[PDB]
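*Asks:* Got a structure for you, questions after.
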Amino acid sequence: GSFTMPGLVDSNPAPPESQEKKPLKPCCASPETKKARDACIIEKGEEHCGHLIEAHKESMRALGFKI
């Protein structure tokens, strides 16, 4: 409500559709974050996918051996 300036304004688009994930493998990995890494490295490259690094480092924080 009423005018407000940049950085204190919700200037985001609407959120995306959710879909299913692949299962695990018989050794500990995240094959979905691997697929998403490989695809983001195709779309932009390693030094431009910091959100995907965040997702996979916090995915291995879920195993307690990364950060």
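If you're matching positions, the sequence shown starts at 12 in this note's numbering and goes up one per residue.
Positions of the beta carbon are idealized from the N, C-alpha and C atoms, including for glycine.
According to the neighbour-count rule (16 or more other Cβ atoms, all chains shown, within 10 Å of its Cβ), is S29 buried or exposed?
*Replies:* Taking the first residue of the sequence shown as 1, we reach residue 29 at position 18. The residue in question, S29, is exposed, as its Cβ has fewer than 16 Cβ neighbours within 10 Å.
*Asks:* Are the beta-carbon atoms belonging to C51 and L35 less than 9 angstroms from one another?
*Replies:* Taking the sequence shown and counting its residues from 1, the one referred to as residue 51 is at position 40. Taking the sequence shown and counting its residues from 1, the one referred to as residue 35 is at position 24. No, the pair does not count as a contact, with Cβ atoms beyond the cut-off.
*Asks:* Just to confirm, does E58 get its C-beta within under 8 angstroms of one of the non-hydrogen atoms of the ligand NAP?
*Replies:* The model depicted lacks the ligand NAP and carries no ligand whatsoever.
*Asks:* Roughly how far, in whole angstroms, is the beta-carbon of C38 from the beta-carbon of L74, given that I think they are within contact range, below 8 angstroms?
*Replies:* Within the sequence shown, the letter at position 27 stands for residue 38. Within the sequence shown, the letter at position 63 stands for residue 74. No, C38 and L74 are not in contact; Cβ-Cβ is about 12 angstroms, not under 8 angstroms.
*Asks:* Assign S41 to one of two classes, buried (16 or more other C-beta atoms within 10 Å of its C-beta) or exposed (fewer than that).
*Replies:* Within the sequence shown, residue 41 is the residue found at index 30, counting from 1. With 16 or more Cβ atoms within 10 Å of its Cβ, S41 is classed as buried.
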